[PDB]
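Here, each number is a calculation from the coordinates, and none is a lab measurement. Quick reminder, even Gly has a Cβ in these numbers, built from the backbone with ideal geometry, and neighbours come from all protein chains shown.
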Amino acid sequence: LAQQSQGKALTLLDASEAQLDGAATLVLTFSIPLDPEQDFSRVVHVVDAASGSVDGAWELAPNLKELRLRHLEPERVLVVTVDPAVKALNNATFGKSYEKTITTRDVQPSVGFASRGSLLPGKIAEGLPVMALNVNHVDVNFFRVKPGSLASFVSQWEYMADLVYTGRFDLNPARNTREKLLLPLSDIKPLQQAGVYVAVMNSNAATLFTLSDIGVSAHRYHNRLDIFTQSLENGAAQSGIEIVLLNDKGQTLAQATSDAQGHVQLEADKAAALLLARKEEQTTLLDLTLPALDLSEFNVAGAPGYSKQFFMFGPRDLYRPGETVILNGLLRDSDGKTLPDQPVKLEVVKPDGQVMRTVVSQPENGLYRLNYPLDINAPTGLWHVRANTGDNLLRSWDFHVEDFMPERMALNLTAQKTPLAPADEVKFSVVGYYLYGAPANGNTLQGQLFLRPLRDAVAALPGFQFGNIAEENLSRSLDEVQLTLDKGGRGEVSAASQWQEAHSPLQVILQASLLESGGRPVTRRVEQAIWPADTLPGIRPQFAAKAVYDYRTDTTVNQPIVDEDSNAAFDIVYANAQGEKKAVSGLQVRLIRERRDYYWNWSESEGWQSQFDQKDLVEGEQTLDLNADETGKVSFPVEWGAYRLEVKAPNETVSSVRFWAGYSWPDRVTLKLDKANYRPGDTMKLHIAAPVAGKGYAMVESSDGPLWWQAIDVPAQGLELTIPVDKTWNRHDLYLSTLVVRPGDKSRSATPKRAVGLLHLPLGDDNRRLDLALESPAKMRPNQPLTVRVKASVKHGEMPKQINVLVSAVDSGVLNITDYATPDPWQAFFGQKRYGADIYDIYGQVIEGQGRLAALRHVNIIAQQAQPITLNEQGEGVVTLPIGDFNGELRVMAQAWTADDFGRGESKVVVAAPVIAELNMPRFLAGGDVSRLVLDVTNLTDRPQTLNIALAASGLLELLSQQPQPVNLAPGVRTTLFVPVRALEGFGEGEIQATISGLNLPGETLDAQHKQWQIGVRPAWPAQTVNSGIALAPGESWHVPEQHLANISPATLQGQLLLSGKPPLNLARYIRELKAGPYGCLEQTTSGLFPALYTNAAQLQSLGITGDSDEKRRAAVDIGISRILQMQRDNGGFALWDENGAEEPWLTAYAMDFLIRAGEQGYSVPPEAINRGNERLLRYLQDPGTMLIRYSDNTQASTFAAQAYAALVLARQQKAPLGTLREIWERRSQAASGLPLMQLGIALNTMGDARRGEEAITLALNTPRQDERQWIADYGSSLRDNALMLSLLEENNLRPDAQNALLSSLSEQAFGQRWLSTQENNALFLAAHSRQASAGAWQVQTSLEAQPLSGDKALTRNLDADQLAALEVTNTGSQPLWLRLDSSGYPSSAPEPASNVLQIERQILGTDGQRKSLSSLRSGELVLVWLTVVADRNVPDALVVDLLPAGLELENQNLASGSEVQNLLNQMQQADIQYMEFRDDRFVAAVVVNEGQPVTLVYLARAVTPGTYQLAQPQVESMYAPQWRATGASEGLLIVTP
């Protein structure tokens, strides 16, 4: 607003100092608002008449009339100046200059202790810190707590004393400056004597401090507490009393007196706050609620040490919505040994925390297995698999769900294949293009160049590594790439050589991204090899890389390792890029030992750090000569540590390979061990070294509690102990702790009094790892089974036997997205577990340390996992992995296990195709659409190719052009073929098969190349239906009305004829109509799911319905249940479209009802959902105020309906409070229909009170549904309500003579046909389902077959176009016959636009805001679709559907240049849109329509594929009064040009 201020001048109301924020603030108050803009500096000034200028941070309150300046130093003379300006929001300005002098107050006095006090004891314990300000003295009283009520007193503190006053300390700080001062008491002694003291003044007026000699240390576990009491003074070792307390609370939990070694053991969980240790009169206290000692510095990291170790693993952790999540599990004990068979409770958790599935997982041959099919509309984010083994210590396996977008453009980057000399500059060639056949013109290419070492430089020689691994400046970032490229799809990047001195093979990597103009980039990368010589040496170790743990990454990595004190063999060659081994003489082969000497080093910006100085030593040297076609084989004797083999040739080129001979690759207590890796029965000698001599104790412990401990006196020479290993110690969470304490309480030297030591206890075994060898070809071809051979080894002893191996294969990219490391069970079971105890101490706190270190360096995915195999006698196996299409790198993984041993194996397999063929096409097609498909074919071989391409069209799709001519492609060249196609009438899918013949390859010959692409084909126009029926007396005839045939095309015309000897119900129609989406909302799913619950295929085929092998039906119901669960809110309630949408009680009751019904039929539903749902229903019943029904006209009726249905649903579960049901029954007059009364009646009958129930029923049967189609939020109609009432009657076996009558009347009432809601269909289905019509003879003569039709049950039969076009029926029975005919088909002519209540209109605008013709559109052109909906009523369930032409694709964007398009957008964001979705072929929008308020819906679309496309009419309807429909005038066709 701010125009109320116009007409007013600008006068300064008040400039003065005021208390704000708690400090002195200069405040200027003007008469009218100021600009919040940034100009207060050279317009309004404050200058000290002594110190000059000061802080000019002019602040402005959100109130625009007050200008502020905070924090003013007191007793200062400030001159405030306001010069003629300060602007005035009505540009009224300020007249002239104004100056005012100010004195800036004096701050209020203040005294108080700097802290509430601590519990750290002291011999004399001096120094009481206080924060004083403008106070020259302070009185202090000193109290000593009574030993009697000590506990309680201290207990009321943190979460009653004598008086020993001395007082009045003289504190003289500088004026107006808060100073920190120390109160002394050393010269005082009615105070030195031991005890607990409290100092109090006349804002932290009180503080506590303790004087004692008892030093106390404590180790806490998850439910055990060990205490050690020793001397603060004379070294260590002390007896005495100590007790455990309860926070705030007073009491005593547990008491103890320490032994001759000071150790004590008390069992206590949490809620054990205060620890009190006392003796005679000396008392030391320890608060166990405070933060424990920080051990981030120590190597105590790792997984938790559980009693039962459950290793969960899978092929990957990145899935998309739709595909199935695979999970595997293995269960062992603390030492990785087999436990008795047991179930594990697995739960699937989606990002919001709600459970999606709960399964009691049973093992199969010792392997737990889980498959979770993600819904196509599953939420994206971090999912968890939550495992419970029984200890209620939930294990968690995380996995990501992400949906990837198609990238709309194609980028090609090519290089020169063969290596280059260092002198040469590198030229990359770029080729970018749109997939719909257009070259990328004017597109910005943005990339970057990198330089990296090339160690795998010879494909003909796998394993052989090249280049000096110790050569500097081989990995650095080069130039950035900015290429505006503006040409018809061609470009080039050039990189000048900054590499010359290089003696190792390099590769330069270009990584570039192609751009639209500012979005969805297409990123690609290409590398160029670079050699310093046409020929150079290569090294391949003969020994296989072993599996070892890497804490750096926390992953089990493969490394070249050989045994200690042994011989390392290597294969040396001297070769070029292409071909094989060449001759040479005088290869300088050196074995270089890399020696590293470590040393600690301290700074303060990062504290203590572990440094190391390195040096390379020559420990071996050989000289070699090689002939043509010869693999040199050298052997060097090695000992321990890190080595590297170096090979140097006369051409100054070097190749090096690093490896290890050992599997091992100051302010604290230094702990060292004689050995690495121990066994059960060994004995370990512990070397303890402390900076300063002292006393304390060493301990061997873990989780639960300690296993060994011994008090020690450490001199300044170090101290060696001998610890025996008993093996109840097999937990891998064993830690060796050490506490040392200095004698003197006070000291020179500074010197920490307390010092701690903590080391992990090695206990693993080398011969419990399965060493896996996965053999498979480095390269292969698509659509050919991948053979993988497994060979296991175990170092010492013999191959275990019955080794279980699980092999998998996954696209390396998907794994690279998440940096997914191959799971290893060995590390999972035998890995270093964390230190599972908390150290509480009374000596000086650990200060910081500042932390542990760290490390530093599509559409349709291939991810397979074969069945678990069992290796043979010698531990050999073979697995076959069917590889589909795919062109790239596959990671082959393997997890092996026995009863005691475990293993992991990896391998890499490059899947490449000689020629690649990709077909670009639209997302779907409509019957009659003519479209131009784009087939891109590229030859990747080294030879030129003459290819014969053969194309075939299958399904609802046909070709229009003749077969392509043979094509001649040079190596690396891409050709483009255009395939004009037309879609056929029908609803299904069309397919394009491609076959490439020729290809000519040496070595292989290779079967022809086969490919096949899918596309969805749907009718352009909505399906039209015609329903009729009649009652035939004996002898009467009947012919098909011409309505069923009029203006609809044959071959799409299906019919269903229903014949019955009694008032029938079109069950088949209900079922068919209940099964056609959209996937959309909650009910449609529910209602659509209801039939699949109670009807099997046997019952379906009787009604003329095929499909469903019953198990797919089960799967479908499961999928449905998931889709239902995906919309349950956090409070157990349900919503219409999404989980974050408004809550609908009735639908909650509905979904719950279905879920219970599903549970009854043996389907799995997670108890959390059921329970929270039931709770929400109970809260609906007991607290109606929580409800919020939207867009209702009669909240009373809505509420009553909700409560009624909820009451029934809970009554079925025997969880409905009868008192509440009656309390609802008293409100029966609020019912706007009989259905809620019926439901409530059944609930009453179920929960006891039959009378009032039968009353409710009898009342229901005489309570018609009447209302001016408001909404009521019950999703209802008279038909529906009658149907459901009949259903409830039939389901409970109640009133016959009524159900018969109005079953007939319902059968005749069902003639409110044409359009029924899903709810009406479901109700009718239930009514028809639960009815037992019994016997009713009928005979009839028809035109379908010579013999007469006959039966005693209602018979349904399917009819094609010919049978239906000439249907005659004549009753030949002794009694009347009921006949129903249901016809359905698609129109031969475009139907006339129609409207009822609702009105829909569509206009097509350009981005300029002007109308556009849908016939001059070129590919890549943008258009705004403008939908206008209007009605004369309130339609809270207005579903808008706009079928797309296949030529147009949607831009997924919810809208809330410029122009008055914004005027439409503004009106769009005024509409209350309940839901909106952008399908491939549909624009769908669920909205509410208000009376006399036009709803505007604009959406963006792009033309992509050239062709002629059918165009449908915009459709809108009420979802639950579907007679309110509107279709609104279409132009008929869409033309897209290239």
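When you go through (1) over 31 Å from the mean Cα position of the chain (by Cα); (2) among the polar types (S, T, N, Q); (3) part of a helix (DSSP H, G or I) one by one for residue 1214, which number turns out not to apply? Only one criterion is unmet by residue 1214, namely (3). For the range 646-670, filtered to residues that are among the acidic types (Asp, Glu) and outside any strand (DSSP E or B), the residue that is surrounded by the fewest Cβ atoms within 10 Å (Cβ to Cβ) is 652.
Okay, residues lined up against (1) within 52 Å of the chain's Cα centre (by Cα); (2) surrounded by 17 or more Cβ atoms within 10 Å (Cβ to Cβ); (3) more than 30 Å from residue 130 (Cβ to Cβ):
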position: 209; (1), (2), (3): yes, yes, no
position: 222; (1), (2), (3): yes, no, yes
position: 227; (1), (2), (3): yes, yes, yes
position: 232; (1), (2), (3): no, yes, no
position: 241; (1), (2), (3): no, yes, yes
position: 245; (1), (2), (3): yes, yes, no
position: 259; (1), (2), (3): no, no, yes
position: 262; (1), (2), (3): yes, yes, yes
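Just the residues that are within 30 Å of residue 852 (Cα to Cα) and out of contact with any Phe, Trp or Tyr (no Cβ under 8 Å at 6 or more places or on another chain), please, taken from the range 602-660. Correct list: 603, 604, 605, 606, 607, 614, 615, 616, 640. When residue 1396 is tested against the conditions (1) surrounded by fewer than 18 Cβ atoms within 10 Å (Cβ to Cβ); (2) closer than 27 Å to residue 1067 by Cβ, the lone failure is (2). Within the range 12-36, the set of residues being outside any strand (DSSP E or B) and more than 23 Å from residue 85 (Cβ to Cβ) comprises 21, 22. Restricting attention to the range 951-971 and to residues that are exposed (fewer than 15 other Cβ atoms within 10 Å of the Cβ) and farther than 30 Å from residue 1534 by Cα, the residue that is nearest to the chain's Cα centre (by Cα) turns out to be 971. Restricting attention to the range 1205-1256 and to residues that are polar (S, T, N, Q) and surrounded by 24 or more Cβ atoms within 10 Å (Cβ to Cβ), the residue that is nearest to residue 1280 (Cα to Cα) turns out to be 1233.
In the range 671-704, what residues are outside any strand (DSSP E or B) and surrounded by fewer than 18 Cβ atoms within 10 Å (Cβ to Cβ)?
Once the filter is applied, which keeps residues that are outside any strand (DSSP E or B) and surrounded by fewer than 18 Cβ atoms within 10 Å (Cβ to Cβ), the range 671-704 yields 674, 675, 676, 677, 679, 680, 681, 682, 691, 692, 693, 704.
Step by step: first the residues of the range 713-745, then only those that are among the β-branched types (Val, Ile, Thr) and more than 50 Å from the chain's Cα centre (by Cα), then the one that is nearest to residue 697 (Cα to Cα). Which residue is that?
714
Residues checked against (1) surrounded by fewer than 21 Cβ atoms within 10 Å (Cβ to Cβ); (2) within 32 Å of the chain's Cα centre (by Cα); (3) on the phi > 0 side of the Ramachandran plot; (4) charged (D, E, K, R):
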| site | (1), (2), (3), (4) |
| --- | --- |
| 1451 | yes, yes, no, yes |
| 1454 | yes, yes, no, no |
| 1482 | yes, yes, no, yes |
| 1495 | no, no, no, no |
| 1516 | no, no, no, no |
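Tell me yes or no: at least one residue of the range 722-735 is touching an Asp or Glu at 6+ places or on another chain (Cβ under 8 Å), part of a strand (DSSP E or B) and surrounded by 14 or more Cβ atoms within 10 Å (Cβ to Cβ). Yes.
Residues are listed down the side, and each one gets a yes or a no for (1) surrounded by fewer than 18 Cβ atoms within 10 Å (Cβ to Cβ); (2) among the polar types (S, T, N, Q); (3) out of contact with any strand residue (DSSP E or B) (no Cβ under 8 Å at 6 or more places or on another chain):
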{"site": "1061", "(1), (2), (3)": "no, no, no"}
{"site": "1067", "(1), (2), (3)": "no, no, no"}
{"site": "1074", "(1), (2), (3)": "no, no, yes"}
{"site": "1077", "(1), (2), (3)": "yes, no, yes"}
{"site": "1084", "(1), (2), (3)": "no, yes, yes"}
{"site": "1087", "(1), (2), (3)": "no, yes, yes"}
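Within the range 526-556, the set of residues being β-branched (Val, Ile, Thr) and over 16 Å from residue 772 (Cα atoms) comprises 526, 530, 535, 539, 553, 555. Residues considered: 1500, 1464. Of these, the only one that is outside any loop (DSSP other than H, G, I, E, B) and within 30 Å of residue 928 (Cα to Cα) is 1500. Does at least one position in the range 893-900 carry a residue that is assigned to a strand (DSSP E or B), surrounded by fewer than 17 Cβ atoms within 10 Å (Cβ to Cβ) and charged (D, E, K, R)? There is no residue in the range 893-900 that is assigned to a strand (DSSP E or B), surrounded by fewer than 17 Cβ atoms within 10 Å (Cβ to Cβ) and charged (D, E, K, R). Restricting attention to the range 644-665 and to residues that are hydrophobic (A, V, I, L, M, F, W, C) and within 43 Å of the chain's Cα centre (by Cα), the residue that is farthest from residue 633 (Cα to Cα) turns out to be 665.
State all residues of the range 1029-1054 that are within 19 Å of residue 1362 (Cα to Cα) and acidic (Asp, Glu); if no residue qualifies, say none. Correct list: 1042 only.
For the range 957-987, a tally of residues being farther than 15 Å from residue 925 by Cα and of a type in the set (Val, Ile, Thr) returns 4.
Between 890, 919, 881, the distinction of being closer than 30 Å to residue 1509 by Cβ and of a type in the set (A, V, I, L, M) belongs to 919 only. Pairing each residue of the range 906-919 that is basic (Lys, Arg) with any residue that is in a strand (DSSP E or B), provided the two are 6+ apart or on different chains, yields C-beta distances under 8 Å for 908/889; 908/890; 908/891; 908/892.
Criterion applied to 1526, 1446, 1431 was being within 25 Å of residue 1391 (Cα to Cα), buried (at least 21 other Cβ atoms within 10 Å of the Cβ), of a type in the set (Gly, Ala, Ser) and under 36 Å from the mean Cα position of the chain (by Cα), and the one residue passing it is 1446.
Strands (runs of 3 or more DSSP E) fully within the range 85-190 that include at least 3 residues being touching a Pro at 6+ places or on another chain (Cβ under 8 Å): 179-183.
Considered as a group, the residues in the range 365-395 that are of a type in the set (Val, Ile, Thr) and in a loop (DSSP other than H, G, I, E, B) include one that is surrounded by the most Cβ atoms within 10 Å (Cβ to Cβ), and that residue is 389. Looking at 915, 859, 878, just one residue is surrounded by fewer than 15 Cβ atoms within 10 Å (Cβ to Cβ), aliphatic (A, V, I, L, M) and farther than 19 Å from residue 817 by Cα, and that residue is 878.
For residue 1321, indicate whether it is under 57 Å from the mean Cα position of the chain (by Cα) and in a strand (DSSP E or B). Full working, then the answer.
Values: under 57 Å from the mean Cα position of the chain (by Cα): yes; in a strand (DSSP E or B): no.
Taking the combined requirement at face value, the residue does not satisfy it.
Counting only strands (runs of 3 or more DSSP E) that fall entirely inside the range 1333-1415 and contain at least 3 residues that are under 54 Å from the mean Cα position of the chain (by Cα) and more than 30 Å from residue 1459 (Cα to Cα), the qualifying elements are 1355-1359, 1377-1385. If you go through the range 1447-1460 one residue at a time, do you hit one that is farther than 26 Å from residue 1275 by Cβ, in contact with a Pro (Cβ under 7 Å, 6 or more places away or on another chain) and assigned to a strand (DSSP E or B)? No: the range 1447-1460 contains no residue that is farther than 26 Å from residue 1275 by Cβ, in contact with a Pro (Cβ under 7 Å, 6 or more places away or on another chain) and assigned to a strand (DSSP E or B).
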